[PDB]
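**Q** Residue numbers (PDB author numbering), protein chains in the order written: chain A, 1 to 295; chain F, 1 to 295; chain Y, 1 to 295; chain P, 1 to 295.
Protein chains: 4
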Amino acid sequence: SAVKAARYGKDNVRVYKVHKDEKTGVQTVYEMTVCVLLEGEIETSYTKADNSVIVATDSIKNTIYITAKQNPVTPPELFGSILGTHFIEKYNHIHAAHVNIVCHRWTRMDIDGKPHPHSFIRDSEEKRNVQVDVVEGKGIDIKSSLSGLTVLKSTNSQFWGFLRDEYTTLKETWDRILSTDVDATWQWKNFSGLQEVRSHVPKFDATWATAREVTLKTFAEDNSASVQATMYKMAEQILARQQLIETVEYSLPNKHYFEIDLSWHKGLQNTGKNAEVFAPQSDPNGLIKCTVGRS
Amino acid sequence: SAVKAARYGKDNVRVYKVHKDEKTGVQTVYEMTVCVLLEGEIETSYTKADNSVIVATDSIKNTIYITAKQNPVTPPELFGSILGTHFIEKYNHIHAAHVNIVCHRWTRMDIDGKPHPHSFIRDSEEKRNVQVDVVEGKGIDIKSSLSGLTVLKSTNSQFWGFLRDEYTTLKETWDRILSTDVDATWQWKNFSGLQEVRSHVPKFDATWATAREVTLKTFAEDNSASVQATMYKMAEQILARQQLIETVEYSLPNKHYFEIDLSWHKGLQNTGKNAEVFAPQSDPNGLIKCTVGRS
Amino acid sequence: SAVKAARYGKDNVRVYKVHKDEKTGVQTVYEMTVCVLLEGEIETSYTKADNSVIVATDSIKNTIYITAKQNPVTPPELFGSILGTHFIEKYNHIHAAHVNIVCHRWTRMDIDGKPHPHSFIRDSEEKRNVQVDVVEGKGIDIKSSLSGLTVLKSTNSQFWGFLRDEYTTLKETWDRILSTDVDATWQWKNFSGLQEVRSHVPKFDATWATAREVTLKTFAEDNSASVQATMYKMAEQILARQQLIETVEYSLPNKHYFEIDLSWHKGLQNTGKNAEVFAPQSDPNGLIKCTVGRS
Amino acid sequence: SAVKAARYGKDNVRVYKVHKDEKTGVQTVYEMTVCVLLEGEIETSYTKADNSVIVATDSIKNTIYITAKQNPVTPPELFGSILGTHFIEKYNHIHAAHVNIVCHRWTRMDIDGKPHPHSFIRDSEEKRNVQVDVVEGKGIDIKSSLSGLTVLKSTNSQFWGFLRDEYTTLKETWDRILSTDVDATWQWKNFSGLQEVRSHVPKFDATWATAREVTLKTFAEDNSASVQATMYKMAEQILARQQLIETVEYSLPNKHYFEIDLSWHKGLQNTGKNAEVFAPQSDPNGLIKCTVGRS
Ligand SMILES: O=c1[nH]c(=O)c2nn[nH]c2[nH]1
Ligand SMILES: O=c1[nH]c(=O)c2nn[nH]c2[nH]1
Ligand SMILES: O=c1[nH]c(=O)c2nn[nH]c2[nH]1
Ligand SMILES: O=c1[nH]c(=O)c2nn[nH]c2[nH]1
Ligand code: NA
Ligand code: NA
Ligand code: NA
Ligand code: NA
Ligand SMILES: [Xe]
Ligand SMILES: [Xe]
Ligand SMILES: [Xe]
Ligand SMILES: [Xe]
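Set out below in structure tokens:
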């Protein structure tokens, strides 16, 4: 037997950082969950019980806190690139670092119409994520994403004209509820190293904001022919607005809301144009994915 | 042996309702999870296999949908009171109905600065809940609550002057992070029946909004001496603003964020006044409760 | 305003203890999650910011570890009683302690037919729990429970003869699937104090084992007329076997498995006597409760 | 813009099947959660709103139930291969099917020492899974796995000799607790089609049982030098026992249990050789992966 692939590290490292403006008194908080996995010349820890090649996962944890102390933690694309670069530069035998960051929302509270200097609310479980792969000699690959963005529209969604055969019971419809949890990922062109990532720092927050805005606007305004058609429109627009993105991937559940026929009860009308009360279905769910790139 | 207490019904009934304004084209959605448990002269179903006394839980489910079709579902205090009253009036041998409703957030989207007519976003997992107990001959008892409201302040929290003995290691502090998930419940005076609940309908949404506002403002503005002291201030204010409330209960976890001593690493300073990076603790957590009533 | 009720303490305290037999080399592990909430003369911490009455929740955490170091942690009824008694005896102004313990399964592994001395497996998420309320001058009240015991029988369950009216669509049946998650609680007679709890130590594990055995056997063997009827039979038997139990409470979801009509597809027969493939329903679910006591 | 990749289908389809032996009266149940995603010539549904190429996800759901009615559902490697093959053969424009199956445990109850004919218990949340990729012209690729197998050993684990630098605080140890949740995957050699999968049917259950047995025995018996070293020993043995496996992958969290220094309290000794009470850590956790193949 032989080791074909190996990676190891520390997962679920929760980190909070506060920034204090001494001039204005305003405080800003950041909270993330971080995972770092390393690869390199470490096969002997597996095959020969040679621990001398192991940077202890406990030390990886320490390094995450130290790096957060000494560097900005925002945008997460930059922090992830700093953290990954550290490992490949510090340890001769480590040749790749894989950094995953989930950013949790702490939104400044408005109290009596004004922004509070040091009080925050978690408005939704929507996350902003990054995956950063730093590979010695091959630069830095960054995938940015938003996830956990849950939306619903109560009309202006259709689904008709699909394949009908002996396995089909679904009725065609010209008016249905459409609800999904949005997972959208944009993959940046490969960067040569940290200097190049630093040069593009302003683009990271701007592209996240654009991706979010395009997602919400397109969902709200499209008279949707299907999840497939609406999601493609989203992806097309993001690629048009940021030339440094190579691909956009969406993964969308179709969270079904079923009509409830109540006609057995005193002829009550609750279907088609008369439908008011629906039964949300926990499962099963449609799952629709697409990756869109440039011509 | 004897049956001392019994209740049975249907839990986890998901319900969505849409309201369509034909004039303006504006649609409004409501989504809830409902549980109804019944009590009454049903002991023989347990002791004698006498199913003739059982309103099937499946029928309870049907009734929830029918009631939602025929009545307003908002405010939830009213819907719960209608639903509970139905069971005690329809079935001679059922003498109490217990209705729990969890309301999920569907917040209208703003697209380009204007409210969208039919598109919604789940902004946070904060819930608005009601528990309604309808008891034949004893009226309607309603407890309203908000839950899952997660907040953090990065300064203006203290904790010193507590009991110190041989079990104590905690250091006194004059500046710490305070973070909690708020669970707040207000209990209404007993109502004589549905007519009286209907008479107070406008107070329900208003009191929910007040409870939320008082909670957020007090948390943000109090230079907190402890969770105990800050929570009491919240409860006192809610009781002062709504005379039809008899008690207010808060249940608050104290979600700890620990300082990380980094001084072992090149003398890095990250404690006390120099603390910037902290480790959020998943567990254990403080749990602080209080019920506040009138003199 | 006035404080009507208050309690505070530490939740989610995870504890592991190992016992090492130096003679045989055999090790035995215990793992629990513990919550302790205190009550007493503590109103001033809420109303006057008087922290001098507060035993810090951090100190409560320390006390749990110290108590586990110095005492047996099994049976959990005994450990909970020791822990609760500690607080009311040590602190003059604390008059009640409420201790909740969840015990997690670590079952010794069998390797090649023999019990391994120090290796364990988590066989199921079934828990054994206790709630211990220690109240100064009123003794010790203990509720013991098992929870998370998930079972299914594929036949020998019926449900017919229930009330039928204009809200009813459910068909009567003489053969259905019955599946539930069992939550069963037995409440002990009040104990005068720790000496009395110690005197009954052997009964705690024995009664847990009996409750479990009676639950499983009755479920498997009863040709069930309803959940109500089968659960009553369980409760009756437990009360008959342990005279020191005052009441038994069961709370049982009815986890539905629906027939799937496939007759639209080439006349395929999959209902009634021909039913082979079913659709488990995540929600809604029946919820059936009963508390059984002595004549 | 262009579609680079697309797949769509139905997730979270819960399925139960019962087998009834008319001779013996013995019933056997199977319960699974199934996901099927399709690929093929479907780009126009995304780019042109051409729904004519879409096999509706609702129809995919129907097909899963029909296929389960007409075929054995065990071993899951066979069921997955039948289900995937169906889609690529039935639809000219569908060229790949991806089938994921999670099998839930329903273990026959022993009542009074004998196996019950129709009563079952969920003993643990351990799962047996398969991923089956059926690609037109390239055969059938199957990955089998077990997951959610949670184990702990209280001694005979060591970790010393790792890299020490200015980021390291971890102490070397010759005796620690080792606990993990096992995720193990074995990848079969590519099969040419369904006939070949059918020819190997007996190997599927046997290899699952072997993988499980080797995992448990190795964990219990190895005086572990590290997670890395112990996991490699497991993988090596599985590859030696089943020649039709090409690779074995393990992904193992290192779930930490920390010593608690109690010496501040009356000199209580609870570290090193005196350690009895430990604090399980929910997070962070080590994460160790390896893929082992043939020379
Ligand atoms: O088994 C281990 N492997 C590791 O890589 C490691 N790092 N810290 N502790 C550890 N334990
Ligand atoms: O066992 C049952 N008890 C009930 O009360 C019920 N109601 N619907 N189905 C049922 N099954
Ligand atoms: O606000 C607090 N209240 C308490 O009771 C406590 N105990 N430890 N830390 C604490 N913080
Ligand atoms: O938008 C949809 N896309 C689909 O592929 C589908 N299949 N069933 N319903 C559907 N809705
Ligand atoms: Na390197
Ligand atoms: Na009545
Ligand atoms: Na006392
Ligand atoms: Na095909
Ligand atoms: Xe952070
Ligand atoms: Xe609703
Ligand atoms: Xe324990
Ligand atoms: Xe199945």
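By construction, the Cβ of each residue, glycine as well, lies at the ideal position given by its N, Cα and C atoms.
I need the straight-line Cα distance from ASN274/A to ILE177/A, nearest angstrom please.
**A** Rounded to whole angstroms, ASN274/A to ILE177/A spans 14 Å at the Cα level.
**Q** So, helix, strand or coil for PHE162/F, using DSSP?
**A** Three-state result, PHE162/F: coil.
**Q** Is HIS265/A close to chain Y, meaning its C-beta is less than 8 Å from at least one C-beta of that chain?
**A** It does; some Cβ of chain Y falls within 8 Å.
**Q** Can you confirm whether the stretch 192-202 of chain Y touches the stretch 246-265 of chain Y when touching is taken to mean that 3 or more C-beta pairs between the two stretches lie within less than 8 Å?
**A** Output reads no: the stretch 192-202 of chain Y does not touch the stretch 246-265 of chain Y.
**Q** Using only CA atoms, which one of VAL214/F, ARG122/F, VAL53/F and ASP175/F lies nearest to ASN92/F?
**A** Nearest C-alpha to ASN92/F: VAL53/F.
**Q** Under the assumption that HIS116/P contacts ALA220/Y (Cβ atoms under 8 Å), give the Cβ distance between them as a whole number of angstroms.
**A** Right, their Cβ atoms sit about 5 Å apart.
**Q** Quick one: does the C-beta of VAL36/Y sit closer than 7 Å to a heavy atom of ligand 3?
**A** Flag unset: Cβ of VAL36/Y not near ligand 3.
**Q** For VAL102/F versus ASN71/F, is the C-beta distance shorter than 8 Å?
**A** Their beta carbons are not under 8 Å apart, which means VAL102/F does not touch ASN71/F by this criterion.
**Q** Against chain P, does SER282/F count as a neighbour if the rule is that its beta carbon must be under 8 Å from one of theirs?
**A** Taking Cβ atoms only, chain P reaches closer than 8 Å to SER282/F, which makes this a yes.
**Q** So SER59/P and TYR257/A are supposed to be a Cβ contact under 8 Å. How far apart are they, rounded?
**A** About 19 Å separates the two Cβ atoms, so there is no contact after all.
**Q** In chain order, what residues of the same chain lie with their CB nearer than 6 Å to the CB of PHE204/A, ignoring the 5 residues before and after it?
**A** Correct list, in chain order: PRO75 and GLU77.
**Q** Indicate the three-state DSSP secondary structure (helix, strand or coil) for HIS93/F in the structure shown.
**A** Three-state DSSP puts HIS93/F in coil, outside helix and strand.
**Q** Quick check: is the beta carbon of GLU41/F nearer than 8 Å to any beta carbon in chain P?
**A** With 8 Å as the cut-off, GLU41/F does not count as an interface residue toward chain P.
**Q** Can you confirm whether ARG176/P, when its beta carbon is compared against all beta carbons of chain Y, has any partner nearer than 8 Å?
**A** Answer no: the Cβ-Cβ gap between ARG176/P and chain Y never drops below 8 Å.
**Q** Any idea which residues DSSP pairs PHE258/F with across the strands?
**A** For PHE258/F, which the question treats as bridged, DSSP gives the partners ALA279/F.
**Q** Take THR85/Y and list the residues in its own chain whose beta-carbon comes closer than 7 Å to its own, dropping the five residues that flank it on each side.
**A** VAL134 and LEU194.
**Q** So, does the CB of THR169/A fall closer than 8 Å to a CB anywhere in chain Y?
**A** Taking Cβ atoms only, chain Y reaches closer than 8 Å to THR169/A, which makes this a yes.
**Q** Applying the criterion that 16 or more other CB atoms from any shown protein chain within 10 Å of the CB defines a buried residue, is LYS69/A buried or exposed?
**A** Buried is the call here.
**Q** For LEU152/Y, collect the residues of the same chain with a Cβ closer than 6 Å to its Cβ; drop the 5 residues on either side in sequence, then sort them by chain order.
**A** Cβ neighbours of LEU152/Y beyond the five flanking positions: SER179.
**Q** When the cut-off is 8 Å and only beta carbons count, does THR150/A lie next to chain F?
**A** Chain F contact via Cβ: present.
**Q** According to DSSP, is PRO202/Y helix, strand or coil?
**A** If DSSP states are grouped into helix, strand and coil, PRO202/Y belongs with the helices.
**Q** For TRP174/P, is the classification buried or exposed, using 16 other Cβ atoms within 10 angstroms of its Cβ as the cut-off for buried?
**A** By the 10 Å Cβ count, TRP174/P comes out exposed.
**Q** Could you spell out where the alpha helix (DSSP H) holding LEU239/P opens and where it closes?
**A** Run containing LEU239/P: 227-241, per the alpha helix (DSSP H) assignment.
**Q** Using a Cβ cut-off of 8 Å (strictly closer), state whether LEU194/P contacts chain Y.
**A** Output row for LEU194/P: interface = no.
**Q** Please identify the residue among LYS23/P, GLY9/P and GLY272/P whose C-alpha is closest to the C-alpha of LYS171/P.
**A** The residue with the shortest Cα to Cα distance from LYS171/P is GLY272/P.
**Q** Please determine, among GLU41/Y, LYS61/Y and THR230/Y, the residue with the shortest C-alpha to C-alpha distance to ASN156/Y.
**A** Ranking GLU41/Y, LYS61/Y and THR230/Y by Cα distance to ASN156/Y puts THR230/Y first.
**Q** Does residue 337/P come within less than 8 Å of chain A when only Cβ atoms are used?
**A** An answer regarding residue 337/P cannot be provided, because it is not within the stretch 1 to 295 covered by chain P.
**Q** Taking C-beta pairs closer than 8 Å, name the residues in chain P that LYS153/Y reaches, listed in chain order.
**A** Near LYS153/Y (Cβ distances below 8 Å), the residues of chain P are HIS118, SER119 and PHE120.
**Q** So is the beta-carbon of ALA68/A under 7 Å away from any non-hydrogen atom of ligand 9?
**A** Because some heavy atom of ligand 9 lies under 7 Å away, the Cβ of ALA68/A counts as near it: yes.
**Q** Do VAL29/F and residue 336/F come within 8 Å of each other at the CB atom, strictly closer than that value?
**A** Here chain F comprises residues numbered 1 to 295, so residue 336/F is not present and cannot be evaluated.
**Q** Anything in chain P within Cβ reach of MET109/Y, meaning under 8 Å, just list it in chain order.
**A** Neighbours of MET109/Y on chain P, chain order: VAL151, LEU216 and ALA220.
**Q** With a threshold of 7 Å, establish whether the CB of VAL73/P neighbours any heavy atom of ligand 12.
**A** Flag set: Cβ of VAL73/P near ligand 12.
**Q** What does DSSP give as the partner residues of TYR16/F in its beta bridges?
**A** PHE278/A and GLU31/F.
**Q** For residue 297/A, is the classification buried or exposed, using 16 other Cβ atoms within 10 angstroms of its Cβ as the cut-off for buried?
**A** Nothing about residue 297/A can be read from this structure; chain A reaches only from 1 to 295.
**Q** Taking all protein chains shown into account, do 16 or more other C-beta atoms lie within 10 angstroms of the C-beta of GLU41/Y, making it buried, or fewer, making it exposed?
**A** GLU41/Y should be labelled exposed.
**Q** Would you decide whether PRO202/P is buried or exposed? Buried here means 16 or more other CB atoms lie within 10 Å of its CB.
**A** Exposed, since its Cβ has fewer than 16 Cβ neighbours within 10 Å.
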